[PDB]
Amino acid sequence: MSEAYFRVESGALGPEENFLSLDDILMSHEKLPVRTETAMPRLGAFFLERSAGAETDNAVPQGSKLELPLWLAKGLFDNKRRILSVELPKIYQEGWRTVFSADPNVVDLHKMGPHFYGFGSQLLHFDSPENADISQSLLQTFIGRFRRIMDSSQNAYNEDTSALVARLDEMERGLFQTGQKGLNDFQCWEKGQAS
Amino acid sequence: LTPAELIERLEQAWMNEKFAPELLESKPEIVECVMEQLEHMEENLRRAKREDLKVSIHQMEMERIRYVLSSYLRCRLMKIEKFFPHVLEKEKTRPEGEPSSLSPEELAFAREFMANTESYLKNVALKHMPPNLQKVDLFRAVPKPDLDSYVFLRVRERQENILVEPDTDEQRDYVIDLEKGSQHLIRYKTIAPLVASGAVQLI
Amino acid sequence: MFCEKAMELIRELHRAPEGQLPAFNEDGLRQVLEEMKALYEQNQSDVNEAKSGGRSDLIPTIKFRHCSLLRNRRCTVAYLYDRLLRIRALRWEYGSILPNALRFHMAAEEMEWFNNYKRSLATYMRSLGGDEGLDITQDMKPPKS
Amino acid sequence: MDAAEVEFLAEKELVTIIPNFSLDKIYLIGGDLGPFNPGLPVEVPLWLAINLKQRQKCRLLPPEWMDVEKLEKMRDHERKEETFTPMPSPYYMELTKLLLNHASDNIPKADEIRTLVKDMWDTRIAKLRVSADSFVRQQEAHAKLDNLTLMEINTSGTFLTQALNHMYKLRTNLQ
Amino acid sequence: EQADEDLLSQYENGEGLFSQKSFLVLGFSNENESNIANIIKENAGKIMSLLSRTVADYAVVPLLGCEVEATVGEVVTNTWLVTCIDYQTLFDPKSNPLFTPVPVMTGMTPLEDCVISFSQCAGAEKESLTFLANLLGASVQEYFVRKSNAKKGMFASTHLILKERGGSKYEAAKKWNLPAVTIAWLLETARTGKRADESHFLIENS
């Protein structure tokens with residue numbers, strides 16, 4: 001059979017994050033730009049470069065641009081109290097979505113974000129008119145890269161695949177590893193080494 | 001009713017368990033009958049490797065059957081352990097009459113696994129956490145079974161009027177018919193009752 | 001920043017080669033627990049000031065700290081849970097006694113959990129097949145020559 | 001499930017042997033076998049044939065379909081057709097491996113048979129690759145594959161199912 | 001309106017012996033294996049085969065452990081076996097740390113310059129403790145002395161290991177200001193390969 005140990009699968013692409021997934025936690029630790037809509041007292045010590053002077057009880061002034069982890073923004077994001085406003089990261093804007101529509105195989109997904117798909121899917125929890133376009137771009141990129149993933153996974157023995165594998169997302173790397181494991185098992189069986 | 005049919009059913013359950021993404025219905029009668037057959041055969045074997053070239057083959061068949069049995073039970077244990085909270089919650093709310101997916105021993109196993117893990121989590125961190133962060137909902141913290149997973153199947157009995165839903169656009173939904181002997185690929189959830197009833201076989 | 005030690009713990013556990021059990025990082029866990037306690041006390045004080053002094057403008061900030069607490073909690077549980085899976089794999093790979101080098105990396109509670117797991121598994125196996133039991137962990141590979 | 005369990009299931013296929021000894025018919029839990037008579041063909045499971053061959057207590061006969069000419073025409077038929085053709089048996093790869101590894105003295109041109117079977121396997125894996133590519137590119141939800149063998153499906157099914165799961169998640173995340 | 005109120009409420013302050021039992025025996029020499037099987041049979045136990053189709057109640061292994069490839073009920077050592085036979089009682093393996101394999105860092109001799117005497121230990125227990133002490137490099141002398149004596153070949157003792165308050169050697173160590181420590185100190189030193197802090201494990205603190 002398979003190895004007794006299996007990593008907990010990611011739930012990032014579903015409606016809610018997977019509570020116990022290490023990949024989901026690593027994805028949720030990435031920082032994203034936010035804008036403060038209300039002043040937040042006593043937080044200047046944690047945002048020192050934003051500590052307006054020193055006589056406002058280290059309040060975070062209104063309109064301050066901060067980098068906050070995804071989990072914290074999700075926890076504080078309330079459409080009614082409007083504590084903070086979320087800005088789209090550069091890689092999700094129209095230009096980069098157009099680059100993905102042009103050719104998804106040229107982009108180093110690991111370099112841009114080790115959890116590109118999970119993070120993009122979780123960004124859709126914020127109300128934005130572009131959610132459908134983001135989902136479509138993610139799907140089209142996945143479809144565009146699947147064929148190359150298959151070609152490399154099935155021919156990795158005959159071609160240097162290190163450059164491509166170094167650029168793969170963590171879920172994509174796991175999929176590649178599973179395919180390689182299957183291929184290795186078949187090859188060992190054909191030579192009688194499987195037993 | 002014949003031993004050959006018993007072994008075929010055993011292999012059927014083994015394959016279905018290997019490929020089904022969730023825990024399937026329990027088949028106690030099959031395990032029981034196979035264990036009885038093995039006990040009997042082991043009893044009717046002597047010990048003299050000389051002219052008894054029939055025991056040197058009966059024990060081989062016994063080992064092959066034991067291997068299939070062990071593999072099937074291991075797969076069932078792996079699935080029971082992986083999703084234990086959702087399996088226990090589903091068994092708790094299982095309507096009377098529908099076939100259960102767990103034997104009494106498997107239920108005991110799941111209960112003990114749950115209790116042990118809860119005790120470990122409580123003693124190692126929960127008691128050292130703030131008073132308002134000591135209760136962790138296990139039903140939500142643990143991933144649920146993915147019933148929307150694709151699988152391969154082998155048609156044993158012809159089936160008709162199967163509704164295929166490509167996506168959320170009802171306009172794309174269409175009907176298909178499954179002919180006896182054919183092999184298909186489809187989401188488990190769409191054909192779950194056919195696997196439960198035994199009309200189809202997971203490749 | 002909040003939750004850095006938990007993130008280091010998760011990164012260390014994630015980086016370990018498949019099936020290897022790294023040493024239990026107790027210090028990081030203690031530091032995370034102390035940070036959580038400090039945040040709890042700060043939120044308690046701020047809620048007391050908001051209620052007694054009518055400083056409701058502090059209520060969103062309190063929520064900020066509350067969210068951080070949940071993050072720490074999640075990370076801690078996730079860390080421990082991942083370790084459990086590796087211990088389970090060891091049970092299936094080495095048998096009833098683990099090599100000493102791997103044994104040295106375990107906490108006492110992990111040892112207790114492992115013992116309870118093996119106990120339950122043995123009881124289950126004895127419960128199968130009537131009087132003689134069936135060892136299903138043997139012949140992991142087909143008896144084929 | 002790994003390839004070793006697929007070969008284990010393949011070991012059930014019946015083959016014809018030539019015993020060189022006598023023995024009363026045995027009543028296996030799986031079926032009756034025999035009687036055995038020197039020089040008289042008997043039908044026994046492949047694993048039993050292999051076991052007896054190692055013990056040098058019989059002669060292995062190659063299946064009627066295991067013929068370089070027939071296999072070459074089957075390979076050419078599979079190559080000319082765009083779809084998967086019906087295979088002689090559902091476990092051809094395992095029977096070829098086992099017979100060529102344990103009965104090369106009884107099978108003429110074993111190397112050529114091995115090359116033909118490897119070529120057929122390569123062409124079917126390539127056709128399965130193109131089929132999966134067409135299935136994914138059109139975002140289809142159903143596909144027929146009656147002629148595909150258990151060994152190939154087991155070899156690539158965890159990858160194909162993980163890819164389909166990811167495609168389903170991305171396709172239904174707008175809710 | 002209910003979530004904010006719940007949040008604020010979250011912070012509010014207010015005859016047969018081994019009859020029905022199965023044993024595996026692994027890791028011993030052929031002679032010792034046969035001897036152990038013979039003792040088991042003499043005590044009504046049953047010995048199972050390698051690659052057995054059934055599970056074993058117990059796997060009997062050496063004191064330092066060995067490879068145990070099969071699932072068993074509880075893993076026990078030959079020290080546990082001998083202690084059970086001497087007292088005709090099936091002791092819980094968890095009731096004593098010497099009943100299960102003790103992890104030892106191979107190749108380390110942290111007590112090579114130490115001189116140990118034991119008190120209140122007899123039979124298999126004393127034998128196993130002496131084996132472990134020698135494995136860690138210490139010399140074990142039957143007699144407890146504070147000054148070396150070339151003529152009798154005895155060296156002054158550096159450590160007393162015991163279990164309870166009381167006895168001649170304990171009182172002598174107190175009078176002579178010698179450390180009297182529990183077995184846990186030795187087991188932790190073996191586990192770590194470094195001489196444990198006696199002051200953390202003193203018998204007076206147990």
# chains A, B, ... in the order shown; residues from 1 in each chain; ligands from 1
>>> select_by_dssp(residues="chain A", states="alpha helix (DSSP H)", output="PDB file with C-alpha atoms, in the first residue's frame")
ATOM      1  CA  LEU A  22       0.216  23.371   7.854  1.00  0.00           C
ATOM      2  CA  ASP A  23       0.165  24.676   4.278  1.00  0.00           C
ATOM      3  CA  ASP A  24      -2.968  26.685   5.067  1.00  0.00           C
ATOM      4  CA  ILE A  25      -1.326  28.223   8.147  1.00  0.00           C
ATOM      5  CA  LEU A  26       1.788  29.114   6.150  1.00  0.00           C
ATOM      6  CA  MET A  27      -0.446  30.678   3.495  1.00  0.00           C
ATOM      7  CA  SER A  28      -2.367  32.606   6.167  1.00  0.00           C
ATOM      8  CA  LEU A  70      -4.351  37.177   6.142  1.00  0.00           C
ATOM      9  CA  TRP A  71      -5.778  35.482   9.242  1.00  0.00           C
ATOM     10  CA  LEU A  72      -5.884  38.756  11.174  1.00  0.00           C
ATOM     11  CA  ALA A  73      -7.552  40.658   8.333  1.00  0.00           C
ATOM     12  CA  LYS A  74     -10.110  37.859   7.992  1.00  0.00           C
ATOM     13  CA  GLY A  75     -10.778  37.974  11.726  1.00  0.00           C
ATOM     14  CA  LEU A  76     -11.243  41.751  11.804  1.00  0.00           C
ATOM     15  CA  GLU A  94      -5.721  43.041 -14.271  1.00  0.00           C
ATOM     16  CA  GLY A  95      -2.224  43.203 -15.779  1.00  0.00           C
ATOM     17  CA  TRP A  96      -1.019  40.039 -14.078  1.00  0.00           C
ATOM     18  CA  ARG A  97      -4.311  38.246 -14.726  1.00  0.00           C
ATOM     19  CA  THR A  98      -3.758  39.111 -18.394  1.00  0.00           C
ATOM     20  CA  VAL A  99      -0.234  37.684 -18.222  1.00  0.00           C
ATOM     21  CA  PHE A 100      -1.733  34.478 -16.807  1.00  0.00           C
ATOM     22  CA  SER A 101      -4.335  34.413 -19.584  1.00  0.00           C
ATOM     23  CA  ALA A 102      -1.508  34.839 -22.098  1.00  0.00           C
ATOM     24  CA  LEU A 109       4.538  30.422  -8.841  1.00  0.00           C
ATOM     25  CA  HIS A 110       6.829  29.403  -5.967  1.00  0.00           C
ATOM     26  CA  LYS A 111       8.831  32.636  -6.189  1.00  0.00           C
ATOM     27  CA  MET A 112       5.708  34.807  -6.206  1.00  0.00           C
ATOM     28  CA  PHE A 116      -0.522  30.974  -4.703  1.00  0.00           C
ATOM     29  CA  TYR A 117      -3.731  29.002  -5.251  1.00  0.00           C
ATOM     30  CA  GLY A 118      -4.771  28.717  -1.610  1.00  0.00           C
ATOM     31  CA  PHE A 119      -4.134  32.400  -0.926  1.00  0.00           C
ATOM     32  CA  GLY A 120      -5.989  33.459  -4.068  1.00  0.00           C
ATOM     33  CA  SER A 121      -8.957  31.259  -3.164  1.00  0.00           C
ATOM     34  CA  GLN A 122      -9.056  32.644   0.380  1.00  0.00           C
ATOM     35  CA  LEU A 123      -8.916  36.235  -0.883  1.00  0.00           C
ATOM     36  CA  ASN A 131     -14.050  37.609  -7.375  1.00  0.00           C
ATOM     37  CA  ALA A 132     -15.347  35.770 -10.448  1.00  0.00           C
ATOM     38  CA  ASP A 133     -12.426  36.992 -12.554  1.00  0.00           C
ATOM     39  CA  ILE A 134      -9.942  35.839  -9.899  1.00  0.00           C
ATOM     40  CA  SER A 135     -11.538  32.388  -9.754  1.00  0.00           C
ATOM     41  CA  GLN A 136     -11.533  32.150 -13.555  1.00  0.00           C
ATOM     42  CA  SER A 137      -7.870  33.174 -13.763  1.00  0.00           C
ATOM     43  CA  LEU A 138      -6.907  30.564 -11.159  1.00  0.00           C
ATOM     44  CA  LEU A 139      -8.823  27.833 -12.989  1.00  0.00           C
ATOM     45  CA  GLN A 140      -7.408  28.762 -16.399  1.00  0.00           C
ATOM     46  CA  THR A 141      -3.853  28.823 -15.024  1.00  0.00           C
ATOM     47  CA  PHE A 142      -4.299  25.395 -13.420  1.00  0.00           C
ATOM     48  CA  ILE A 143      -5.662  23.948 -16.669  1.00  0.00           C
ATOM     49  CA  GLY A 144      -2.856  25.574 -18.655  1.00  0.00           C
ATOM     50  CA  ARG A 145      -0.187  24.075 -16.404  1.00  0.00           C
ATOM     51  CA  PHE A 146      -1.659  20.579 -15.960  1.00  0.00           C
ATOM     52  CA  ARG A 147      -0.393  19.240 -19.295  1.00  0.00           C
ATOM     53  CA  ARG A 148       3.185  20.321 -18.609  1.00  0.00           C
ATOM     54  CA  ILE A 149       2.900  18.807 -15.127  1.00  0.00           C
ATOM     55  CA  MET A 150       1.902  15.474 -16.687  1.00  0.00           C
ATOM     56  CA  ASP A 151       4.656  15.594 -19.308  1.00  0.00           C
ATOM     57  CA  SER A 152       7.357  16.331 -16.736  1.00  0.00           C
ATOM     58  CA  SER A 153       6.047  13.843 -14.157  1.00  0.00           C
ATOM     59  CA  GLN A 154       5.947  10.999 -16.679  1.00  0.00           C
ATOM     60  CA  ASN A 155       9.314  11.789 -18.325  1.00  0.00           C
ATOM     61  CA  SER A 162      14.766  20.511 -11.463  1.00  0.00           C
ATOM     62  CA  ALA A 163      14.098  23.976 -12.902  1.00  0.00           C
ATOM     63  CA  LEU A 164      10.378  23.290 -13.328  1.00  0.00           C
ATOM     64  CA  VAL A 165       9.962  21.516  -9.976  1.00  0.00           C
ATOM     65  CA  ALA A 166      11.662  24.410  -8.182  1.00  0.00           C
ATOM     66  CA  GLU A 170       3.437  23.277  -2.687  1.00  0.00           C
ATOM     67  CA  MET A 171       0.237  21.486  -3.703  1.00  0.00           C
ATOM     68  CA  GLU A 172       1.624  21.135  -7.229  1.00  0.00           C
ATOM     69  CA  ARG A 173       4.863  19.761  -5.775  1.00  0.00           C
ATOM     70  CA  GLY A 174       2.870  17.227  -3.755  1.00  0.00           C
ATOM     71  CA  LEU A 175       0.978  16.153  -6.872  1.00  0.00           C
ATOM     72  CA  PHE A 176       4.258  15.810  -8.779  1.00  0.00           C
ATOM     73  CA  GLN A 177       5.691  13.727  -5.936  1.00  0.00           C
ATOM     74  CA  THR A 178       2.671  11.408  -5.969  1.00  0.00           C
ATOM     75  CA  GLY A 179       3.001  10.920  -9.729  1.00  0.00           C
ATOM     76  CA  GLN A 180       6.726  10.252  -9.382  1.00  0.00           C
ATOM     77  CA  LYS A 181       6.022   7.747  -6.599  1.00  0.00           C
ATOM     78  CA  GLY A 182       3.612   5.892  -8.875  1.00  0.00           C
ATOM     79  CA  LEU A 183       6.164   5.874 -11.693  1.00  0.00           C
ATOM     80  CA  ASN A 184       8.935   4.646  -9.382  1.00  0.00           C
ATOM     81  CA  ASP A 185       6.693   1.862  -8.080  1.00  0.00           C
ATOM     82  CA  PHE A 186       5.897   0.756 -11.633  1.00  0.00           C
ATOM     83  CA  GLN A 187       9.576   0.789 -12.623  1.00  0.00           C
ATOM     84  CA  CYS A 188      10.588  -1.175  -9.520  1.00  0.00           C
ATOM     85  CA  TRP A 189       7.855  -3.710 -10.276  1.00  0.00           C
ATOM     86  CA  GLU A 190       8.974  -4.108 -13.896  1.00  0.00           C
TER      87      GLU A 190
END
>>> closest_atom_pairs(of="chain B", to="chain C", cutoff="7 Å", atoms="only C-alpha atoms", output="tab-separated table")
residue	atom	partner	partner_atom	distance
B:35	CA	C:129	CA	6.2
B:67	CA	C:139	CA	6.5
B:70	CA	C:136	CA	4.3
B:74	CA	C:136	CA	6.7
B:105	CA	C:124	CA	6.4
B:109	CA	C:120	CA	6.6
B:112	CA	C:120	CA	6.9
B:116	CA	C:113	CA	6.8
B:120	CA	C:113	CA	6.8
B:128	CA	C:33	CA	6.9
B:129	CA	C:33	CA	6.6
B:130	CA	C:37	CA	6.4
>>> residues_around(residues="residue 153 (chain D)", least_positions_apart="5", cutoff="9 Å", atoms="only C-alpha atoms", output="PyMOL selection string")
(chain B and resi 152+203) or (chain D and resi 148+158)
>>> select_by_dssp(residues="region 6-114 of chain D", states="strand (DSSP E or B)", output="MDAnalysis selection string")
chainID D and resid 14:19 23 26:28 31:33 36 42:45 58:60
>>> write_last_selection(atoms="N, CA, C and O atoms", output="PDB file, in the first residue's frame")
ATOM      1  N   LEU D  14      -5.850 -18.356 -15.213  1.00  0.00           N
ATOM      2  CA  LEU D  14      -5.525 -19.753 -15.467  1.00  0.00           C
ATOM      3  C   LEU D  14      -4.609 -19.910 -16.676  1.00  0.00           C
ATOM      4  O   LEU D  14      -4.722 -19.174 -17.661  1.00  0.00           O
ATOM      5  N   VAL D  15      -3.696 -20.881 -16.592  1.00  0.00           N
ATOM      6  CA  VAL D  15      -2.779 -21.232 -17.670  1.00  0.00           C
ATOM      7  C   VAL D  15      -2.705 -22.752 -17.764  1.00  0.00           C
ATOM      8  O   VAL D  15      -3.158 -23.478 -16.876  1.00  0.00           O
ATOM      9  N   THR D  16      -2.121 -23.231 -18.859  1.00  0.00           N
ATOM     10  CA  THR D  16      -2.009 -24.658 -19.137  1.00  0.00           C
ATOM     11  C   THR D  16      -0.575 -25.123 -18.921  1.00  0.00           C
ATOM     12  O   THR D  16       0.362 -24.552 -19.489  1.00  0.00           O
ATOM     13  N   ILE D  17      -0.412 -26.155 -18.095  1.00  0.00           N
ATOM     14  CA  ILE D  17       0.887 -26.733 -17.786  1.00  0.00           C
ATOM     15  C   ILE D  17       0.908 -28.196 -18.223  1.00  0.00           C
ATOM     16  O   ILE D  17      -0.128 -28.811 -18.488  1.00  0.00           O
ATOM     17  N   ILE D  18       2.118 -28.748 -18.270  1.00  0.00           N
ATOM     18  CA  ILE D  18       2.376 -30.148 -18.598  1.00  0.00           C
ATOM     19  C   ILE D  18       3.047 -30.801 -17.395  1.00  0.00           C
ATOM     20  O   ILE D  18       4.269 -30.675 -17.222  1.00  0.00           O
ATOM     21  N   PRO D  19       2.284 -31.427 -16.505  1.00  0.00           N
ATOM     22  CA  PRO D  19       2.887 -32.113 -15.359  1.00  0.00           C
ATOM     23  C   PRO D  19       3.735 -33.295 -15.795  1.00  0.00           C
ATOM     24  O   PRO D  19       3.503 -33.907 -16.840  1.00  0.00           O
ATOM     25  N   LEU D  23      -0.918 -37.155  -9.466  1.00  0.00           N
ATOM     26  CA  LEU D  23      -1.471 -36.704  -8.196  1.00  0.00           C
ATOM     27  C   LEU D  23      -2.972 -36.521  -8.352  1.00  0.00           C
ATOM     28  O   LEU D  23      -3.434 -36.016  -9.378  1.00  0.00           O
ATOM     29  N   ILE D  26      -6.976 -31.850  -6.575  1.00  0.00           N
ATOM     30  CA  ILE D  26      -7.082 -31.117  -5.321  1.00  0.00           C
ATOM     31  C   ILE D  26      -8.334 -30.254  -5.367  1.00  0.00           C
ATOM     32  O   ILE D  26      -8.789 -29.829  -6.437  1.00  0.00           O
ATOM     33  N   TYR D  27      -8.902 -29.995  -4.192  1.00  0.00           N
ATOM     34  CA  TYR D  27     -10.123 -29.207  -4.052  1.00  0.00           C
ATOM     35  C   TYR D  27      -9.776 -27.904  -3.335  1.00  0.00           C
ATOM     36  O   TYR D  27      -9.948 -27.778  -2.122  1.00  0.00           O
ATOM     37  N   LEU D  28      -9.282 -26.923  -4.090  1.00  0.00           N
ATOM     38  CA  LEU D  28      -8.928 -25.648  -3.490  1.00  0.00           C
ATOM     39  C   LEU D  28     -10.191 -24.854  -3.185  1.00  0.00           C
ATOM     40  O   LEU D  28     -11.230 -25.032  -3.827  1.00  0.00           O
ATOM     41  N   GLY D  31     -11.410 -23.526  -6.307  1.00  0.00           N
ATOM     42  CA  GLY D  31     -11.855 -24.386  -7.386  1.00  0.00           C
ATOM     43  C   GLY D  31     -11.123 -25.713  -7.397  1.00  0.00           C
ATOM     44  O   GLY D  31     -10.119 -25.924  -6.719  1.00  0.00           O
ATOM     45  N   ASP D  32     -11.708 -26.673  -8.106  1.00  0.00           N
ATOM     46  CA  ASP D  32     -11.071 -27.966  -8.290  1.00  0.00           C
ATOM     47  C   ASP D  32      -9.941 -27.849  -9.307  1.00  0.00           C
ATOM     48  O   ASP D  32     -10.019 -27.074 -10.264  1.00  0.00           O
ATOM     49  N   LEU D  33      -8.887 -28.637  -9.100  1.00  0.00           N
ATOM     50  CA  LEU D  33      -7.757 -28.668 -10.019  1.00  0.00           C
ATOM     51  C   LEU D  33      -7.303 -30.103 -10.227  1.00  0.00           C
ATOM     52  O   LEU D  33      -7.213 -30.877  -9.272  1.00  0.00           O
ATOM     53  N   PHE D  36      -3.846 -34.885 -12.252  1.00  0.00           N
ATOM     54  CA  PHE D  36      -2.593 -34.649 -12.953  1.00  0.00           C
ATOM     55  C   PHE D  36      -2.059 -35.958 -13.518  1.00  0.00           C
ATOM     56  O   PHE D  36      -2.063 -36.988 -12.836  1.00  0.00           O
ATOM     57  N   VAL D  42      -2.950 -29.601 -18.191  1.00  0.00           N
ATOM     58  CA  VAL D  42      -3.845 -29.293 -17.079  1.00  0.00           C
ATOM     59  C   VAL D  42      -3.945 -27.780 -16.931  1.00  0.00           C
ATOM     60  O   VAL D  42      -3.003 -27.043 -17.232  1.00  0.00           O
ATOM     61  N   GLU D  43      -5.100 -27.319 -16.454  1.00  0.00           N
ATOM     62  CA  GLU D  43      -5.374 -25.898 -16.268  1.00  0.00           C
ATOM     63  C   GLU D  43      -5.240 -25.549 -14.791  1.00  0.00           C
ATOM     64  O   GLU D  43      -6.012 -26.041 -13.961  1.00  0.00           O
ATOM     65  N   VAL D  44      -4.265 -24.704 -14.467  1.00  0.00           N
ATOM     66  CA  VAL D  44      -4.021 -24.286 -13.086  1.00  0.00           C
ATOM     67  C   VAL D  44      -3.736 -22.793 -13.052  1.00  0.00           C
ATOM     68  O   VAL D  44      -3.350 -22.192 -14.063  1.00  0.00           O
ATOM     69  N   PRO D  45      -3.942 -22.158 -11.895  1.00  0.00           N
ATOM     70  CA  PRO D  45      -3.645 -20.726 -11.778  1.00  0.00           C
ATOM     71  C   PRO D  45      -2.170 -20.433 -12.008  1.00  0.00           C
ATOM     72  O   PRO D  45      -1.296 -21.247 -11.701  1.00  0.00           O
ATOM     73  N   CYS D  58       7.282 -29.557 -13.526  1.00  0.00           N
ATOM     74  CA  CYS D  58       6.346 -29.476 -14.645  1.00  0.00           C
ATOM     75  C   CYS D  58       6.957 -28.617 -15.743  1.00  0.00           C
ATOM     76  O   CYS D  58       8.028 -28.027 -15.577  1.00  0.00           O
ATOM     77  N   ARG D  59       6.254 -28.556 -16.873  1.00  0.00           N
ATOM     78  CA  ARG D  59       6.652 -27.756 -18.023  1.00  0.00           C
ATOM     79  C   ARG D  59       5.591 -26.697 -18.285  1.00  0.00           C
ATOM     80  O   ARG D  59       4.396 -27.004 -18.301  1.00  0.00           O
ATOM     81  N   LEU D  60       6.018 -25.453 -18.477  1.00  0.00           N
ATOM     82  CA  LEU D  60       5.084 -24.360 -18.716  1.00  0.00           C
ATOM     83  C   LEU D  60       4.794 -24.213 -20.204  1.00  0.00           C
ATOM     84  O   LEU D  60       5.715 -24.199 -21.026  1.00  0.00           O
TER      85      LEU D  60
END
>>> residues_around(residues="residue 111 (chain D)", least_positions_apart="5", cutoff="10 Å", atoms="only C-alpha atoms", output="list in words")
residues 68, 100, 104, 116 and 117 of chain D
>>> residues_around(residues="residue 81 (chain E)", least_positions_apart="4", cutoff="10 Å", atoms="only C-alpha atoms", output="ChimeraX atom specification")
/E:36,39-40,60-61,76-77,85-86,88-91,99,124
>>> write_last_selection(atoms="N, CA, C and O atoms", output="CSV table (one decimal), in the first residue's frame")
chain,number,residue,atom,x,y,z
E,36,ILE,N,15.2,-19.7,27.2
E,36,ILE,CA,14.0,-18.9,27.5
E,36,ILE,C,12.7,-19.6,27.1
E,36,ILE,O,11.7,-19.6,27.8
E,39,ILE,N,12.1,-22.2,29.7
E,39,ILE,CA,11.5,-21.7,30.9
E,39,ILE,C,10.0,-21.4,30.7
E,39,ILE,O,9.2,-21.6,31.6
E,40,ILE,N,9.7,-20.8,29.5
E,40,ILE,CA,8.3,-20.5,29.2
E,40,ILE,C,7.5,-21.7,29.2
E,40,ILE,O,6.4,-21.7,29.8
E,60,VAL,N,9.0,-10.9,24.3
E,60,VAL,CA,10.1,-10.9,25.3
E,60,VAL,C,11.4,-10.5,24.5
E,60,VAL,O,11.8,-11.1,23.6
E,61,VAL,N,12.1,-9.4,25.0
E,61,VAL,CA,13.3,-8.9,24.4
E,61,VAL,C,14.4,-8.7,25.4
E,61,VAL,O,14.1,-8.8,26.6
E,76,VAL,N,8.0,-6.8,26.8
E,76,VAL,CA,8.5,-7.0,28.1
E,76,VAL,C,10.0,-7.5,28.0
E,76,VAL,O,10.3,-8.1,26.9
E,77,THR,N,10.8,-7.3,29.0
E,77,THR,CA,12.2,-7.8,29.0
E,77,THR,C,12.3,-9.1,29.8
E,77,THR,O,11.4,-9.4,30.6
E,85,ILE,N,8.7,-14.5,37.6
E,85,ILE,CA,8.8,-15.9,38.1
E,85,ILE,C,9.2,-16.0,39.5
E,85,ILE,O,8.7,-16.8,40.3
E,86,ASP,N,10.2,-15.1,39.9
E,86,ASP,CA,10.6,-15.1,41.3
E,86,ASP,C,9.5,-14.8,42.3
E,86,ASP,O,9.4,-15.4,43.4
E,88,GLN,N,6.1,-15.0,41.4
E,88,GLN,CA,4.9,-15.7,40.9
E,88,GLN,C,3.8,-14.7,40.7
E,88,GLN,O,2.6,-14.9,41.1
E,89,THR,N,4.1,-13.5,40.1
E,89,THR,CA,3.1,-12.5,39.9
E,89,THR,C,3.4,-11.8,38.6
E,89,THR,O,4.5,-11.6,38.2
E,90,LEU,N,2.3,-11.5,37.9
E,90,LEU,CA,2.4,-10.9,36.6
E,90,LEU,C,2.4,-9.4,36.8
E,90,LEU,O,1.3,-8.7,36.8
E,91,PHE,N,3.6,-8.8,37.0
E,91,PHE,CA,3.6,-7.3,37.2
E,91,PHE,C,3.3,-6.5,36.0
E,91,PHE,O,3.6,-6.9,34.9
E,99,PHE,N,11.2,-2.9,33.5
E,99,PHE,CA,10.4,-3.9,32.8
E,99,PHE,C,10.2,-3.7,31.3
E,99,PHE,O,9.8,-4.6,30.6
E,124,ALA,N,17.9,-10.4,40.0
E,124,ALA,CA,17.9,-9.9,38.6
E,124,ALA,C,18.0,-8.4,38.6
E,124,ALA,O,18.7,-7.8,37.7
>>> interface_residues(of="chain B", to="chain E", cutoff="12 Å", atoms="only C-alpha atoms", output="list in words")
residues 38, 39, 42, 59, 62, 63, 65, 66, 67, 69, 70, 130, 131, 132 and 133 of chain B
>>> write_last_selection(atoms="C-alpha atoms", output="mmCIF file, in the first residue's frame")
data_model
loop_
_atom_site.group_PDB
_atom_site.id
_atom_site.type_symbol
_atom_site.label_atom_id
_atom_site.label_comp_id
_atom_site.auth_asym_id
_atom_site.auth_seq_id
_atom_site.Cartn_x
_atom_site.Cartn_y
_atom_site.Cartn_z
ATOM 1 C CA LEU B 38 -9.573 -20.355 7.028
ATOM 2 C CA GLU B 39 -9.935 -21.933 10.481
ATOM 3 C CA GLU B 42 -5.933 -24.770 8.790
ATOM 4 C CA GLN B 59 -1.119 -23.003 2.695
ATOM 5 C CA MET B 62 -4.461 -19.509 2.661
ATOM 6 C CA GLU B 63 -1.672 -16.925 2.675
ATOM 7 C CA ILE B 65 -6.546 -14.974 1.170
ATOM 8 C CA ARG B 66 -5.059 -13.774 4.462
ATOM 9 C CA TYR B 67 -3.133 -11.115 2.539
ATOM 10 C CA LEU B 69 -8.125 -9.810 4.204
ATOM 11 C CA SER B 70 -5.328 -8.006 6.061
ATOM 12 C CA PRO B 130 -6.579 31.140 28.667
ATOM 13 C CA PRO B 131 -9.902 30.074 30.223
ATOM 14 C CA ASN B 132 -11.842 31.069 27.083
ATOM 15 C CA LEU B 133 -9.668 29.072 24.646
#
>>> residues_around(residues="residue 43 (chain A)", least_positions_apart="2", cutoff="12 Å", atoms="only C-alpha atoms", output="VMD selection string")
(chain A and resid 39 to 41 45 to 52 54 56 to 61 66) or (chain C and resid 1 58 60 to 62 64 to 65)
